[PDB]
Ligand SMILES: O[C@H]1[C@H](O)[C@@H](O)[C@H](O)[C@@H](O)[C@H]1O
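Take a look at this single chain, the form solved without the ligand, given in structure tokens.
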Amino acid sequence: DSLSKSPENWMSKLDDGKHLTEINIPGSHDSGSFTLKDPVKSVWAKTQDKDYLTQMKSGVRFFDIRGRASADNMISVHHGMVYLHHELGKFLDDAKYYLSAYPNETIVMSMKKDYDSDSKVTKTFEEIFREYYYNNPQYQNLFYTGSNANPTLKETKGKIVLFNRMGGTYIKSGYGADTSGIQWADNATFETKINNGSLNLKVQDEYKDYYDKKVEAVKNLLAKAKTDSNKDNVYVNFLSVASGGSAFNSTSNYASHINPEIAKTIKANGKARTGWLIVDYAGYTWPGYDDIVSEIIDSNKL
């Protein structure tokens, strides 16, 4: 039966000789915003309703963590200026928990600075992360620490792989884990080499697109992956967009239309390569419509 019928451990059912890049992974955009309760603020800043554990249980393996240095030793999880009511340790503890219960899954954790540090901070966001999280004895053995620029599932399962969106780092393990980091173009479909030129990263992140243009842009990169069997190529495809302060298309409205449209498209493509697709309201179902998380998972040929 479909891998999507057991999302708690779908990576356990793959050949762990595969590079993560070759694996079709569902991700959650601004994963940590499930904590938002304010109705007005939630229209444009709430991107998820399931907590980290439930997201994982629903089969999400790519986590989009954007944050802000709150103290010289603390990173708070943020959607821009909006604080999401927890620090990075919360997500790390939930991941460590889940990975222990499901030891043949891997988690790719993206890390980005979304907002200006607290006036008391004397450190860079990167330095705080490297020193107080990555190299923290508390999170010993949690992170992938190997030196493969293109790690395999075997090499990473049970661990969190860093997807570096912090700029240059002195961390030496994970995606964009060098002094160059990842050159990220603003509101664009783009292509850049990462990990000392080892990998070719292809990103659709047009987060300001109006609906029709967004679907076109997701589908464009979706099509390219389909006929791309190169393991040194990695695809990250965001289905999410910014809502804005006022209007009729609450992130939930947008998601309720694009998610099924892409899910339906993936399903028709059969077991073809999709890349890593990052969505709002991962695991959220609308009766009568295909589930994007489920179809991303099922698209993997075993």
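Note that residue numbering begins at 1 and tracks the sequence as displayed.
Below: the form deposited with the ligand bound, not depicted.
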Three-residue site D30, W184 and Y207 fully in contact with the ligand in the deposited complex at 4.5 Å by heavy atom: yes
Stretch in contact in the deposited complex with the ligand, which is absent here, among 227-235, 87-95, 199-207, 67-75 (heavy atoms within 4.5 Å): 199-207
Contact label in the deposited complex: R165 to the ligand, heavy atom within 4.5 Å: yes
Residue contact check: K159 to the ligand in the deposited complex, 4.5 Å heavy atom: no
Partner proximity in the deposited complex: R130 to the ligand, non-hydrogen atom cutoff 4.5 Å: no
